[PDB]
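Sharing a structure here in structure tokens format.
What is reported rests on the model, the rules as stated and the sources as named; no laboratory read-out is quoted. Ideal geometry is used to build each Cβ from the backbone, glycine not excepted, and the neighbour counts take in all protein chains shown.
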Amino acid sequence: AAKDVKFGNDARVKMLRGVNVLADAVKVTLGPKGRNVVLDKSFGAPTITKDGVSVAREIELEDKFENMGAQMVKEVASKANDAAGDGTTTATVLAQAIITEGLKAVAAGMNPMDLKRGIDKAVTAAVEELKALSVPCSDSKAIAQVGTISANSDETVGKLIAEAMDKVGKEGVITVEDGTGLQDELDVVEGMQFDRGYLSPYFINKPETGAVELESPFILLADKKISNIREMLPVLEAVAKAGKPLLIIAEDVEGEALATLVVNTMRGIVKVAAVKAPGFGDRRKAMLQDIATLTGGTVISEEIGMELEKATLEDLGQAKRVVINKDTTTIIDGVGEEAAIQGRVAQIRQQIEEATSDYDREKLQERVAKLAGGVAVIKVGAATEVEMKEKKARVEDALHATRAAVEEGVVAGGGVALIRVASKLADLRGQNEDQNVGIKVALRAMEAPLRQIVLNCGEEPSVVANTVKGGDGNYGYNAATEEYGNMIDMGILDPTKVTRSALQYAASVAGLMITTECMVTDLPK
Amino acid sequence: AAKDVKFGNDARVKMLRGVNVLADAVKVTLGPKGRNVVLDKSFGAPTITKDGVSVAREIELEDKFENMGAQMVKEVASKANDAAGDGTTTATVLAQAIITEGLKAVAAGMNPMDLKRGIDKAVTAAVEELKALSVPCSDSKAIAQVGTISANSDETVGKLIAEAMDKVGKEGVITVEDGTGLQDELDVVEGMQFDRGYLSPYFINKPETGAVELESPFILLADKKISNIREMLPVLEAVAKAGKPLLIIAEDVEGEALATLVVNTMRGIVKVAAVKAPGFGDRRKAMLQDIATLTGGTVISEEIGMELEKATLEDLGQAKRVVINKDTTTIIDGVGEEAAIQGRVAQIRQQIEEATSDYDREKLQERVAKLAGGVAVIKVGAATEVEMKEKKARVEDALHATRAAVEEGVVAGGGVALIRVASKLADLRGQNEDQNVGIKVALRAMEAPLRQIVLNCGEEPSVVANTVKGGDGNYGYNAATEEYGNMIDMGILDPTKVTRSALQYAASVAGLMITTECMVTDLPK
Amino acid sequence: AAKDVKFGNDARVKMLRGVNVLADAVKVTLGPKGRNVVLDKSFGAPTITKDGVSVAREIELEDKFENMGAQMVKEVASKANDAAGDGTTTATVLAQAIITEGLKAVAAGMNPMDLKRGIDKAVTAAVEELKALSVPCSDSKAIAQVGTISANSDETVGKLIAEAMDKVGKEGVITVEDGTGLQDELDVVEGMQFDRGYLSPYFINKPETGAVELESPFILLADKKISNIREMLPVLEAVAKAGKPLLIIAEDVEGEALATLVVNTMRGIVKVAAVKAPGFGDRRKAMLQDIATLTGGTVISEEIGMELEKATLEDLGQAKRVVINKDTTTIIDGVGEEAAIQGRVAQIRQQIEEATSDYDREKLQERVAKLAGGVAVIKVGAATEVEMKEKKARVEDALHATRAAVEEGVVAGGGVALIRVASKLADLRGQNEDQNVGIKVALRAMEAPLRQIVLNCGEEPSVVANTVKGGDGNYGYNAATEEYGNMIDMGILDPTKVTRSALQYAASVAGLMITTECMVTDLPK
Ligand SMILES: Nc1ncnc2c1ncn2[C@@H]1O[C@H](COP(=O)(O)OP(=O)(O)OP(O)(O)=S)[C@@H](O)[C@H]1O
Ligand SMILES: Nc1ncnc2c1ncn2[C@@H]1O[C@H](COP(=O)(O)OP(=O)(O)OP(O)(O)=S)[C@@H](O)[C@H]1O
Ligand SMILES: Nc1ncnc2c1ncn2[C@@H]1O[C@H](COP(=O)(O)OP(=O)(O)OP(O)(O)=S)[C@@H](O)[C@H]1O
């Protein structure tokens, strides 16, 4: 249809208004003293949250240009949430600060490209500075501490995650379930994990989590693109007879198959999920064979000559539980015999031994690692079901934070790590005046998180930020107790990975938005 | 015309809007880094001043309610300006802070009368605390220093005023005139000073100063009322023949009389000024006799039998120069023979000896003091007339500040005196929660001057105020150099009298405005 | 009346709009290729002018805020025109450039006071750099060259001015009149000159010139203020009987006195103009005695005992021509006997010999210099009266330019002197980022004159400016012939004084306007 275009400073001010609205709405809820925010609900009373993810999710503006600006910031913030699992509102606050200052400078008659270059130089120097400031978190004591502080200062969950990490490994697979008894339960069973996402969001049976849970499902092993709906009618009839859910791996699934599966899921006669095949090519087939060994299934491939129509329930694999993430998959206790698993592990081990290519050897090594280590199961334990759900959520977010800290490290939280990095990089200079201005914009924008936290606490942000900058090391402000002190000693810690990802993505979106003129959008109607 | 009434919270918000407009307008120009403000000139280019008095002079609003709120704040600020000769902007800033906080608290359902009581208690404690902090300025060194810093750091004027104060005395009289040569000149001649103001503003021959300078004027002495214009027609004919200015001292001037004098001055045929007689009763007659001795005139009184109609030029007194301040007068070098002057001084001295009442004795003592000390005169010396004017203005404001410091004392400037007083009174408590809230409002409003100065400098006012409060003694912020340090060492000083008067008057207007409801005003037409 | 106040960024943008309108209107006419600007005339055909002073004299905006911003820029530009006799639109262009860039930077959150400090540092460095670049113009050849260039490339006027300034002196006084003969003639006669201006603009009888010519007038020498009209009644009757315009030289003129004189001049019965007395004190009295010797008049002083009423026509002084410039006076061929003039010169010479004070000795030197050198008189010669007027104007403006060049020097014109100065100061830095940016704004604003000239020529301004910057010395762009080359070789030159004054005044107004917030003005009615 007809499209209204807007280029020049008016496009920038529209984008600024949109990001200002979104950033205010989501930054009000930053820190431990985060002020509540109320989201309208269609039916019933409104929900009340301090989680910035929900606030961002429920933001879109009436004006088209402001809405697109807000949507850009929202998308990059959600990307940051996906990368590290936390620091969404920190990313949005950093983005708002950098964009506000950068667009102000651009309106001040400066070159957008040089500003973006200066900001990029500043942020990469800041990233390597964070890596310098990073403190390793390999010891189980710090693992327990970070798990504790992530889960609202609960030592039991920190202990549980520490034991699970020791049991499986540093880079192992950890999952959380519900336990019958009041006592917490831990057990390690042969499982699976590969990074692939669901084909359509509609497969999510629990939207509040964004995943699926399929108790004792059949898993279908396919190496051929899903072309026609006629290929999986016999298996659909079989699973309808079984009255037990189903999951599908495939090289790809075409749009008509997506529509058919969505229709079947809303119908509810069969609950089926589908996910992209892992790996690529010959190794995709190798790990499909690994999954066949796990679940007792069989790979169905056109090259072999097998067809999906002639598939029996025995040919299908099974597990006792499967969970799909937005961009990951996990299978727990494939029914396949463990002796066959050991044989396959040995076979891939000799494949590693004969391997000469370094990267192929890396794929084989990670394959044997994921095929031997398996998965961990941490069944939460308490009395009532409401506390089952809340403690399960606490375990989930603590696990995310702890693994993020393990991957890269852990730095002084409360926004003090960025303050220290900015103070360290005070002497950085670019190739001209505009790059210098961009670098200074980045440096003064990295102080946004601490200032916003202090403002939420109600104290004067300028005074607290100046005092924190005056100090050195990890000396910082405690929002909870409103007392200064070494942040590590008082246990306020966040992963290096989350802060790095939030900073990098905020810088990326700010650079992208600074150098934008044209705004093509639908005519308001 | 009809009159509409607005009472309740709407009256308060209208008042707050008006005082906010006036306070912004005048406070932008506070301190050494005061931002310029440009004003209206109907004919010609606009004028620019950093002098807050000029800004407040030109502020009146469209809406009647806001206009009268601004007029009240302007009136009390000008009263402060008249009391101590400085601190108008400080007074307005304090008034705005106290009024804003007090009305915000009154909107919170607190009792206005208790808030006023708390503010009054806080300001009385503050005034006695200032008197505690006050440093004497008796030595001529501090006199020179304060004169120097008052006159844009000019040591010559400080030296001049130091010598003048040494010569004429601590509480003597000092005047400033234009000198002939480039060298500064000083002389002392028998004179006069009594506290009375002009009857109408229209007599001001130089509106930019507010005084009435008269070169070689004839002073006429009258003791009774000015009833009819027929009484001084021969006087007007004689002075017109003389072609020289005239001044009239009388018990009082009627409305018709001052109307005709204004008309004649507008005509320009006779340059006549009117001022009320000094003293009271038989003491008034005694000082009129003193003035007769000073100027060689003769007191005209109906009780004696003499009349104003039978006035001859010989009976008229004369002086070399007379200046009529808004609320003071000064006669310099009375033509009257000095022999009679010391005769009268001796006579009033023997009157002092026989005096029994302490009040009459004090009046006689001050009479002999003014009759013997006379008036010192300081003539400014330079090459050009523009520097004549500017240096004369510098000497005027410098001697105003110096006498203000001499009367009471001198405290650390830059708004740090009020900061220290507020920090000292942090433990002051009232009789009930509302009084305590009022006291805290006053104390937190005492930090307005320093905060505004820092904001004008462009720095973060919160950080600087916190740093200054953290320090003790006279540690403070230097606006000019933007460096901390002992204010007295860097010479930033202001009289205790000006700060005390500004604080007291701001508190008075704020209390009187907090407890107001009914805004009776004319309809907008 | 009620005055509305506007403060913050809205005040600045309104001022920017006003100065933009004025600057466009007046800068369109800059340079030899200045595009015509046709004003409006109430009666008759419109006037068409490329003269910046003429066009800028009329722009006043309908909106109050824009109007006063334009009035400020117009006032400072007219001050620049008064200082050096030229450089109006150059000053306005510089002011517009600095204002635009400075307010653009202030909108970028930067500290206005630091910006003003940086601009002031840049402009003072630029001024001393101009003084470094200055070339002396003492040789008569360059004097004739600059006179020729100023007067639309006329060699005769250059020859005349060079001859006259050789005859009288380098720092003499030169006047232009009309001559009967077609041949140009020059003669020097005893005269007088002192820097004082008319009391009322209404005294101007030829508004297009700004002064009043008096043919064979009487001059009334007075020492006191003219208190009453009755003092000047007998002399007014005498001069009315004489049927000749009168001059009044006196210590001061009152408001009533000048109102009466304006009324009398509008009546036309007496053509009287009044001017404030020169010098000060005893120096004033001495130079009035000199004037008495020059004109054969007599000093009237109350201290001596003489009065203005008892003034006879014999007591009056005489001359044969008098011109009252806006801030200068000049009388030609005082009737006073030359022997008395020589005696007075000798007397002041012995006063010089006995003088010990340096400044009084300088005053006596300048007194004898003006009393002995006299005045140069150059009467223009041609056929018709239209060319009388145009060549007289050419001689006047060429004389202004030549004397301005003589006072200070002469640098390469075409706006290239400012370009070279800016290129020389590229490494100048302030005390922080804000001052650096202010300095850069000042430097990049000094390329505005050349860019505007080139844009008026129709070429690409950036290309020509870059080419000129690439060159060194006086290499530049010739607007008239379109070709590059050494400026001094082509002869087009600008006095150092005019460029320095325009730059300084533009910087002063820009600093004064950058630090402005509040805009109090009459409510639009
Ligand atoms: N007691 C504390 N004092 C100061 N800062 C704290 C404290 N506890 C946590 N923080 C910091 O507050 C920030 C929390 O960021 P938020 O994004 O508001 O919450 P979150 O835990 O990151 O979950 P998200 O990102 O909103 S989904 C992190 O930078 C923490 O390091
Ligand atoms: N160098 C300085 N640093 C800090 N404060 C200063 C400095 N010089 C003066 N002050 C303070 O600033 C105030 C003087 O500025 P203003 O009060 O705005 O003007 P003023 O000279 O007092 O006359 P006004 O405008 O009629 S009040 C006083 O409170 C001084 O103590
Ligand atoms: N032939 C020329 N080529 C280039 N620049 C020239 C030339 N003649 C004069 N100029 C410049 O033009 C400016 C003078 O402005 P003009 O408006 O053209 O004339 P003007 O009225 O004498 O000067 P103004 O109005 O005070 S700026 C100066 O900067 C001169 O150096």
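Among B:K79, B:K14, B:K6, which is in a loop (DSSP other than H, G, I, E, B) and either surrounded by fewer than 24 Cβ atoms within 10 Å (Cβ to Cβ) or outside the structural domain of B:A445 (by CATH) (or both)?
Details: B:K79 fails: in a loop (DSSP other than H, G, I, E, B); B:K14 fails: in a loop (DSSP other than H, G, I, E, B).
It is B:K6.
Quick check on my filter: what residues within segment A:361-398 are farther than 18 Å from A:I332 by Cα and in contact with a helix residue (DSSP H, G or I) (Cβ under 8 Å, 6 or more places away or on another chain)?
Of everything in segment A:361-398, those that are farther than 18 Å from A:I332 by Cα and in contact with a helix residue (DSSP H, G or I) (Cβ under 8 Å, 6 or more places away or on another chain) turn out to be A:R361, A:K363, A:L364, A:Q365, A:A382, A:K391, A:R394, A:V395, A:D397, A:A398.
Can you tell me which of (1) outside any loop (DSSP other than H, G, I, E, B); (2) within 14 Å of another protein chain (Cβ to nearest Cβ); (3) in contact (Cβ under 8 Å) with a residue 40 or more places away in the chain is the one B:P32 doesn't meet?
Every listed condition holds for B:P32 apart from (1).
Looking at (1) within 16 Å of ligand 3 (Cβ to nearest atom); (2) closer than 29 Å to B:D24 by Cα, find the lone condition where C:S54 falls short.
With respect to (1) within 16 Å of ligand 3 (Cβ to nearest atom); (2) closer than 29 Å to B:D24 by Cα, C:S54 is out only on (2).
Also, I was wondering about something else. Of (1) within 14 Å of chain B (Cβ to nearest Cβ); (2) more than 30 Å from C:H400 (Cα to Cα); (3) β-branched (V, I, T), C:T100 satisfies all except one. Which?
(1)
For segment A:189-239, which positions are under 25 Å from the mean Cα position of the chain (by Cα), part of a helix (DSSP H, G or I) and touching a residue at least 60 places away in the same chain (Cβ under 8 Å)?
A:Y202, A:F203
Still on this model: Taking C:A376 and the conditions (1) in contact with a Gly (Cβ under 9 Å, 6 or more places away or on another chain); (2) within 14 Å of chain B (Cβ to nearest Cβ); (3) of a type outside the set (D, E), which numbered condition does it fall short on, given that it satisfies the others?
(2)
Can C:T49 be described as hydroxyl-bearing (S, T, Y), surrounded by 24 or more Cβ atoms within 10 Å (Cβ to Cβ) and away from every other protein chain (no Cβ under 14 Å)?
Details: hydroxyl-bearing (S, T, Y): yes; surrounded by 24 or more Cβ atoms within 10 Å (Cβ to Cβ): no; away from every other protein chain (no Cβ under 14 Å): yes.
Judged against the criteria, C:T49 is not a match.
Taking the stated definitions as given, is A:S138 among the hydroxyl-bearing types (S, T, Y), more than 16 Å from ligand 2 (Cβ to nearest atom), crowded, with 19+ Cβ neighbours inside 10 Å and away from chain C (no Cβ under 14 Å)?
On the way: among the hydroxyl-bearing types (S, T, Y): yes; more than 16 Å from ligand 2 (Cβ to nearest atom): yes; crowded, with 19+ Cβ neighbours inside 10 Å: no; away from chain C (no Cβ under 14 Å): yes.
Criteria not met by A:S138.
Moving on to the next point. Checking the structure you have, find out if any residue of segment B:148-157 is more than 19 Å from the chain's Cα centre (by Cα), away from ligand 2 (no atom under 16 Å from the Cβ) and among the small types (G, A, S).
Of the residues in segment B:148-157, the ones more than 19 Å from the chain's Cα centre (by Cα) are B:148-149, B:152-157.
When the remaining residues are screened for being away from ligand 2 (no atom under 16 Å from the Cβ), the result is B:155-156.
Of the ones still in play, those that are also among the small types (G, A, S) are none.
No: segment B:148-157 contains no residue that is more than 19 Å from the chain's Cα centre (by Cα), away from ligand 2 (no atom under 16 Å from the Cβ) and among the small types (G, A, S).
Of (1) more than 14 Å from chain B (Cβ to nearest Cβ); (2) under 18 Å from C:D86 (Cβ atoms); (3) within 14 Å of ligand 3 (Cβ to nearest atom), C:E407 satisfies all except one. Which?
(3)
Given the criteria part of a loop (DSSP other than H, G, I, E, B) and more than 16 Å from ligand 3 (Cβ to nearest atom), does A:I48 qualify?
Numbers: part of a loop (DSSP other than H, G, I, E, B): no; more than 16 Å from ligand 3 (Cβ to nearest atom): yes.
Criteria not met by A:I48.
If you don't mind, another one. Could you please give the count of residues in segment C:320-343 that are among the hydrophobic types (A, V, I, L, M, F, W, C) and within 14 Å of C:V176 (Cα to Cα)? Break it down into steps so the answer makes sense when it comes.
Going through segment C:320-343, the residues among the hydrophobic types (A, V, I, L, M, F, W, C) turn out to be C:322-324, C:331-332, C:335, C:339-341.
Now narrow it down to the ones that are within 14 Å of C:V176 (Cα to Cα): C:322-324, C:331-332.
Result for segment C:320-343: 5.
Could you figure out which of (1) in the same structural domain as B:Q71 (by CATH); (2) crowded, with 19+ Cβ neighbours inside 10 Å isn't true of B:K104?
Just one mismatch for B:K104, condition (2).
Give the residue, chosen from B:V272, B:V189, that is within 14 Å of chain C (Cβ to nearest Cβ) and in contact with a strand residue (DSSP E or B) (Cβ under 9 Å, 6 or more places away or on another chain).
Values: B:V189 fails: within 14 Å of chain C (Cβ to nearest Cβ).
Being within 14 Å of chain C (Cβ to nearest Cβ) and in contact with a strand residue (DSSP E or B) (Cβ under 9 Å, 6 or more places away or on another chain) holds for just one of B:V272, B:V189, which is B:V272.
Further question: crowded, with 19+ Cβ neighbours inside 10 Å, over 23 Å from B:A404 (Cβ atoms) and either over 31 Å from the mean Cα position of the chain (by Cα) or within 12 Å of ligand 2 (Cβ to nearest atom) (or both): is that true of B:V464 in this structure?
On the way: crowded, with 19+ Cβ neighbours inside 10 Å: yes; over 23 Å from B:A404 (Cβ atoms): yes; either over 31 Å from the mean Cα position of the chain (by Cα) or within 12 Å of ligand 2 (Cβ to nearest atom) (or both): yes.
Yes: the conditions hold for B:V464.
Mind checking whether some residue in segment C:103-116 is away from chain B (no Cβ under 14 Å) and either assigned to a helix (DSSP H, G or I) or among the aliphatic types (A, V, I, L, M) (or both)?
Of all residues in segment C:103-116, those away from chain B (no Cβ under 14 Å) come to C:104, C:107.
Cutting the leftovers down to either assigned to a helix (DSSP H, G or I) or among the aliphatic types (A, V, I, L, M) (or both) gives us C:104, C:107.
There is at least one residue in segment C:103-116 that is away from chain B (no Cβ under 14 Å) and either assigned to a helix (DSSP H, G or I) or among the aliphatic types (A, V, I, L, M) (or both).
Looking at B:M287, is it assigned to a helix (DSSP H, G or I) and under 18 Å from B:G336 (Cα atoms)? Let's see the steps before the verdict.
Values: assigned to a helix (DSSP H, G or I): yes; under 18 Å from B:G336 (Cα atoms): yes.
Criteria met by B:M287.
Going by what's in this entry, would A:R500 be described as touching a strand residue (DSSP E or B) at 6+ places or on another chain (Cβ under 8 Å), assigned to a helix (DSSP H, G or I) and within 16 Å of ligand 1 (Cβ to nearest atom)? If you could, list the steps in order and put the result at the bottom.
Working: touching a strand residue (DSSP E or B) at 6+ places or on another chain (Cβ under 8 Å): no; assigned to a helix (DSSP H, G or I): yes; within 16 Å of ligand 1 (Cβ to nearest atom): yes.
It is false that A:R500 is touching a strand residue (DSSP E or B) at 6+ places or on another chain (Cβ under 8 Å), assigned to a helix (DSSP H, G or I) and within 16 Å of ligand 1 (Cβ to nearest atom).
From the list A:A132, A:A144, pick out the single residue that is crowded, with 19+ Cβ neighbours inside 10 Å, free of Cβ contacts under 8 Å to residues at least 60 places away in the same chain, part of a helix (DSSP H, G or I) and not hydroxyl-bearing (S, T, Y). Lay out the reasoning, then the answer.
Values: A:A132 fails: crowded, with 19+ Cβ neighbours inside 10 Å.
Selected residue: A:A144, the only one of A:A132, A:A144 that is crowded, with 19+ Cβ neighbours inside 10 Å, free of Cβ contacts under 8 Å to residues at least 60 places away in the same chain, part of a helix (DSSP H, G or I) and not hydroxyl-bearing (S, T, Y).
Another question, then. Quick one: count up the residues across segment B:444-480 that are farther than 20 Å from B:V28 by Cα and within 9 Å of another protein chain (Cβ to nearest Cβ).
Of the residues in that region, 2 qualify.
Could you grab me the full set of residues in segment B:474-497 that are touching a residue at least 40 places away in the same chain (Cβ under 8 Å), in a loop (DSSP other than H, G, I, E, B) and either more than 11 Å from ligand 2 (Cβ to nearest atom) or out of contact with any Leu (no Cβ under 8 Å at 6 or more places or on another chain) (or both)?
Across segment B:474-497, the qualifying residues are B:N474, B:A479, B:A480, B:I488, B:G491, B:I492.
Do we have A:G305 as of a type outside the set (F, W, Y) and in contact (Cβ under 8 Å) with a residue 12 or more places away in the chain here? If you could, list the steps in order and put the result at the bottom.
Numbers: of a type outside the set (F, W, Y): yes; in contact (Cβ under 8 Å) with a residue 12 or more places away in the chain: no.
Against the criterion (of a type outside the set (F, W, Y) and in contact (Cβ under 8 Å) with a residue 12 or more places away in the chain), A:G305 does not qualify.
Here's a follow-up. Exactly one of these conditions fails for B:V73: (1) buried (at least 23 other Cβ atoms within 10 Å of the Cβ); (2) at the interface with chain C (Cβ under 8 Å from one of its Cβ atoms); (3) of a type in the set (A, V, I, L, M, F, W, C). Give me its number.
Only one criterion in (1) buried (at least 23 other Cβ atoms within 10 Å of the Cβ); (2) at the interface with chain C (Cβ under 8 Å from one of its Cβ atoms); (3) of a type in the set (A, V, I, L, M, F, W, C) is unmet by B:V73, namely (2).
Please go through (1) within 12 Å of ligand 3 (Cβ to nearest atom); (2) in a helix (DSSP H, G or I) for C:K74 and return the number of the only condition it doesn't satisfy.
Only one criterion in (1) within 12 Å of ligand 3 (Cβ to nearest atom); (2) in a helix (DSSP H, G or I) is unmet by C:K74, namely (1).
Related question: Among (1) among the aromatic types (F, W, Y); (2) in a loop (DSSP other than H, G, I, E, B); (3) surrounded by 14 or more Cβ atoms within 10 Å (Cβ to Cβ), where does A:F43 come up short?
Looking at each condition in turn, A:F43 falls short on (3).
For segment B:290-303, enumerate the residues that are β-branched (V, I, T) and outside any loop (DSSP other than H, G, I, E, B). Spell out how you get there, then give the answer.
Looking only at segment B:290-303, we keep the residues that are β-branched (V, I, T), and these are B:291, B:293, B:295, B:298-300.
Within segment B:290-303, B:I291, B:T293, B:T295, B:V299, B:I300 qualify.
Can you tell me how many residues within segment A:420-429 are within 13 Å of another protein chain (Cβ to nearest Cβ) and surrounded by 17 or more Cβ atoms within 10 Å (Cβ to Cβ)? Break it down stepwise before answering.
If we filter segment A:420-429 for residues that are within 13 Å of another protein chain (Cβ to nearest Cβ), which is where we start, we get A:426, A:429.
Filter once more, so that each one left must be surrounded by 17 or more Cβ atoms within 10 Å (Cβ to Cβ): none.
Of the residues in segment A:420-429, 0 are within 13 Å of another protein chain (Cβ to nearest Cβ) and surrounded by 17 or more Cβ atoms within 10 Å (Cβ to Cβ).
Of all the residues that make up segment B:255-272, how many are over 16 Å from B:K244 (Cβ atoms) and β-branched (V, I, T)?
3
Residues checked against (1) surrounded by 15 or more Cβ atoms within 10 Å (Cβ to Cβ); (2) of a type outside the set (K, R):
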site	(1), (2)
C:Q351	yes, yes
C:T356	no, yes
C:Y359	no, yes
C:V380	yes, yes
C:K392	yes, no
C:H400	yes, yes
C:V406	yes, yes
